[PDB]
Amino acid sequence: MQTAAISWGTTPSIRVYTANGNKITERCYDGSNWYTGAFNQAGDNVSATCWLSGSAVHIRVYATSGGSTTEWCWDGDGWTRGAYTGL
Amino acid sequence: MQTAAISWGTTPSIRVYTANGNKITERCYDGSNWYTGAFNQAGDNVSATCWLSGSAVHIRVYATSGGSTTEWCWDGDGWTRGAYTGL
Amino acid sequence: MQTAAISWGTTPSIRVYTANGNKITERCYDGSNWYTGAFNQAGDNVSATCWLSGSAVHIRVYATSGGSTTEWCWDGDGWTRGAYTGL
Ligand SMILES: CC(=O)N[C@H]1[C@H](O[C@@H]2[C@@H](O)[C@@H](O)O[C@H](CO)[C@@H]2O)O[C@H](CO)[C@@H](O)[C@@H]1O[C@@H]1O[C@H](CO)[C@H](O)[C@H](O)[C@H]1O[C@@H]1O[C@@H](C)[C@@H](O)[C@@H](O)[C@@H]1O
Ligand SMILES: CC(=O)N[C@@H]1[C@@H](O[C@@H]2O[C@H](CO)[C@H](O)[C@H](O)[C@H]2O[C@@H]2O[C@@H](C)[C@@H](O)[C@@H](O)[C@@H]2O)[C@H](O)[C@@H](CO)O[C@H]1O
Ligand SMILES: CC(=O)N[C@@H]1[C@@H](O[C@@H]2O[C@H](CO)[C@H](O)[C@H](O)[C@H]2O[C@@H]2O[C@@H](C)[C@@H](O)[C@@H](O)[C@@H]2O)[C@H](O)[C@@H](CO)O[C@H]1O
Ligand SMILES: CC(=O)N[C@@H]1[C@@H](O[C@@H]2O[C@H](CO)[C@H](O)[C@H](O)[C@H]2O[C@@H]2O[C@@H](C)[C@@H](O)[C@@H](O)[C@@H]2O)[C@H](O)[C@@H](CO)O[C@H]1O
Ligand SMILES: CC(=O)N[C@@H]1[C@@H](O[C@@H]2O[C@H](CO)[C@H](O)[C@H](O)[C@H]2O[C@@H]2O[C@@H](C)[C@@H](O)[C@@H](O)[C@@H]2O)[C@H](O)[C@@H](CO)O[C@H]1O
Ligand SMILES: C[C@@H]1O[C@@H](O[C@@H]2[C@@H](O)[C@@H](O)[C@@H](CO)O[C@H]2O)[C@@H](O)[C@H](O)[C@@H]1O
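Residue numbers (the numbering used here), protein chains in the order written: chain A, 2 to 88; chain B, 2 to 88; chain C, 2 to 88.
So this is what it looks like as structure tokens:
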């Protein structure tokens with residue numbers, strides 16, 4: 002069981018990604034009860050980062066399953082695969 | 002051994018959490034030399050995030066031991082157990 | 002395999018550090034294609050953080066091999082070894 006944590010804004014919002022049992026899930030704080038978010042992808046290891054633009058939060062989550070890392074992107078309109086490729 | 006690193010401000014301040022065995026400890030930098038910080042909790046994995054607000058630094062450390070993640074909170078007055086629960 | 006991710010600026014720039022076996026490498030995004038970065042050091046675990054000073058982006062990468070964590074620093078002019086020592 003392994004986590005990654007990000008936050009933004011002054012509320013703040015927090016996201017905690019947990020890799021366990023080959024899956025990565027997402028717990029979210031937006032100022033009230035913690036909740037389970039829409040992020041759900043395969044992986045045994047996770048990292049994440051985020052930034053703000055004028056009218057969106059952008060999240061990049063790096064999900065590693067074995068020898069391959071997949072980037073997952075939030076830009077306000079659902080989770081989409083990113084263009085990241087490894088070395 | 003596994004680490005998590007955060008930073009804030011212009012100086013900057015940096016905090017590095019290290020899980021070794023089932024203990025997490027904290028090394029700190031505030032602009033001079035590194036020192037050992039007040040954080041000390043159980044865990045074999047760690048992540049962390051931080052933000053500035055309200056004339057304070059807020060840090061959240063997510064410490065996983067025994068299949069369970071505990072959130073530990075610094076808001077200027079000691080490390081306190083947070084509301085976070087997992088999936 | 003295990004990763005750490007950081008980001009800055011509006012573009013944004015992203016760096017993803019991957020520990021595979023006992024080597025840490027870096028992939029970079031600055032608004033067009035991903036490319037392989039200058040960072041290359043020993044380690045079985047990586048974390049990272051960054052900040053903007055007025056005049057440059059600063060990155061700190063914490064590379065652990067065994068019971069020892071080394072800090073590597075980017076301050077605009079190559080990677081240098083940081084003062085960080087462990088507990
Ligand atoms: C109260 C507090 O958190 N003090 C730390 C201080 O925080 C500042 C905020 O209060 C605020 O003014 O914003 C600025 C940044 O704009 C600071 O974040 O920051 C200084 C460094 O500039 C720290 O040295 C202070 O650290 C705490 O100091 C108190 C003094 O009573 C105690 O010694 C604490 O043990 C010490 O905490 C250390 O830092 C905190 C953030 C945790 O990592 C602790 O585990 C660690 O020991
Ligand atoms: C569009 C957007 O990014 N909205 C953010 C809010 O979170 C999403 O809200 C939509 C409805 O507008 C849904 O409820 C959605 O499930 C929420 O997504 C959650 O947060 C995002 C960032 C991801 O982490 C996702 O996996 C997760 O479920 C959010 O409540 C507020 C907080 O201020 O920000 C909005 O921008
Ligand atoms: C939102 C925030 O940062 N608030 C800080 C306080 O933490 C919250 O305090 C209330 C009671 O007043 C509840 O205990 C709540 O659970 C606390 O939330 C904590 O922080 C948020 C961001 C999440 O990480 C959550 O899981 C965690 O429990 C804190 O007590 C005061 C102390 O001065 O500072 C506030 O800024
Ligand atoms: C500071 C910064 O973001 N620079 C970006 C350029 O990156 C550096 O470019 C120089 C040539 O001018 C060198 O190729 C150097 O290796 C590049 O450094 C890269 O970024 C820094 C922050 C580290 O991560 C380092 O290991 C990595 O190689 C970049 O080439 C250009 C165009 O993509 O954009 C600049 O933002
Ligand atoms: C005075 C100061 O803060 N200097 C920063 C430069 O790095 C530090 O330089 C001093 C001078 O003795 C020490 O060598 C110090 O250990 C250096 O710190 C480095 O960076 C900090 C943030 C930590 O990561 C530390 O472990 C690391 O060694 C630094 O080169 C410049 C960057 O342009 O910033 C100076 O403020
Ligand atoms: C920050 C990057 O986000 C995505 O890349 C975006 C592209 O998919 C595309 O939307 C162009 C404009 O059309 O903008 C890019 O920023 C990811 O694919 C990429 O890996 C970065 O995370």
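Using N, Cα and C, we set each Cβ at its ideal position, and we do this for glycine too.
So, with DSSP's three-state summary, where would you put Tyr-36 of chain C? In this structure, DSSP gives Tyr-36 of chain C an extended state, which the three-state scheme calls strand.
Got a sec? Which residues, its chain only, sit under 7 Å from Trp-75 of chain C by beta carbon, not counting five neighbours each side? The answer, listed in chain order, is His-59 and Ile-60.
Can a CB atom of chain B be found closer than 8 Å to the CB of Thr-65 of chain C? Yes - at least one Cβ of chain B is within 8 Å of the one on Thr-65 of chain C.
Just the C-alpha distance for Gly-55 of chain A and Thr-12 of chain B, rounded to the nearest angstrom, thanks. Cα to Cα, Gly-55 of chain A sits roughly 27 Å from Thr-12 of chain B.
Quick check: the Cα distance between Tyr-85 of chain A and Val-47 of chain A, rounded to an integer number of angstroms? Distance between the alpha carbons of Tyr-85 of chain A and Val-47 of chain A: 14 Å.
Would the beta-carbon of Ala-20 of chain A fall within 8 Å of that of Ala-49 of chain A? In this structure, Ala-49 of chain A does not lie closer than 8 Å to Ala-20 of chain A by Cβ.
Any residues in the stretch 29-42 of chain A with a beta carbon nearer than 7 Å to a beta carbon of chain B? Which ones, in chain order? Within the stretch 29-42 of chain A, those residues whose Cβ lies closer than 7 Å to any Cβ of chain B are, in chain order, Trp-35 and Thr-37.
For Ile-15 of chain C, verify whether its CB is less than 7 Å away from any heavy atom of ligand 6. Yes, ligand 6 has a heavy atom inside 7 Å of this Cβ.
Quick one: is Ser-8 of chain B buried, meaning 16 or more other Cβ sit within 10 Å of its Cβ, or exposed? So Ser-8 of chain B counts as buried.
Under the criterion of a Cβ to heavy atom distance below 7 Å, does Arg-61 of chain A qualify as lining ligand 6? Yes, since a heavy atom of ligand 6 falls inside the 7 Å radius drawn around the Cβ of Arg-61 of chain A.
Would the C-beta of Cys-29 of chain A count as close to ligand 3, meaning under 7 Å from any of its heavy atoms? No; taking the cut-off as 7 Å, the Cβ of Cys-29 of chain A has no heavy atom of ligand 3 nearer than that.
Under 9 Å by beta carbon: chain B residues contacting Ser-56 of chain A: Under the 9 Å cutoff, chain B gives no residues; its nearest Cβ is about 20 Å from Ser-56 of chain A.
State yes or no: is the C-beta of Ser-66 of chain B within less than 8 Å of the C-beta of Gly-87 of chain B? No, the Cβ-Cβ distance between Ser-66 of chain B and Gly-87 of chain B is not below 8 Å.
Whose C-beta lies closer than 7 Å to the C-beta of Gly-83 of chain B among residues of the same chain, with five residues either side of it excluded? Excluding the 5 residues flanking it on each side, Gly-83 of chain B has same chain C-beta neighbours closer than 7 Å at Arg-61, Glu-72, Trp-73 and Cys-74, in chain order.
Regarding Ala-39 of chain C and ligand 4, is the C-beta to nearest heavy atom distance less than 7 Å? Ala-39 of chain C Cβ: within cutoff of ligand 4.
Length of the line joining the Cα atoms of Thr-37 of chain B and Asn-23 of chain A: C-alpha separation (whole angstroms): 35 Å.
Give the secondary structure of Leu-88 of chain A by DSSP, where H, G and I count as helix, E and B as strand, and everything else as coil. Reduced to three states, the DSSP call for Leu-88 of chain A is coil.
Quick check on the burial criterion: 16 or more other C-beta atoms within 10 angstroms. Buried or exposed for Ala-64 of chain C? By the beta-carbon neighbour count (other beta carbons within 10 angstroms, threshold 16), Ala-64 of chain C is buried.
Does any residue of chain B have a CB that is nearer than 8 Å to the CB of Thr-81 of chain C? Output row for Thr-81 of chain C: interface = no.
What would DSSP say about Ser-54 of chain B, mapped onto helix, strand or coil? Reduced to three states, the DSSP call for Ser-54 of chain B is coil.
Alpha carbon to alpha carbon, how far is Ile-15 of chain B from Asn-41 of chain C? Computed Cα separation, rounded: 22 Å.
Comparing the CB of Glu-72 of chain A with every heavy atom of ligand 5, is any distance shorter than 7 Å? Checking every heavy atom of ligand 5 against the Cβ of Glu-72 of chain A, none is found closer than 7 Å.
Between the CA atoms of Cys-29 of chain B and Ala-39 of chain B - distance to the nearest angstrom: When rounded, the distance between both Cα atoms is 9 Å.
With a threshold of 7 Å (Cβ to nearest heavy atom), would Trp-9 of chain C be considered close to ligand 1? No, since every heavy atom of ligand 1 falls outside the 7 Å radius drawn around the Cβ of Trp-9 of chain C.
How long is the line joining the alpha carbons of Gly-32 of chain A and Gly-10 of chain A, rounded to whole angstroms? Approximately 11 Å between the Cα atoms of the pair.
Using a threshold of 7 Å, is the CB atom of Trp-35 of chain A nearer than that to any non-hydrogen atom of ligand 4? The answer is no for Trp-35 of chain A.
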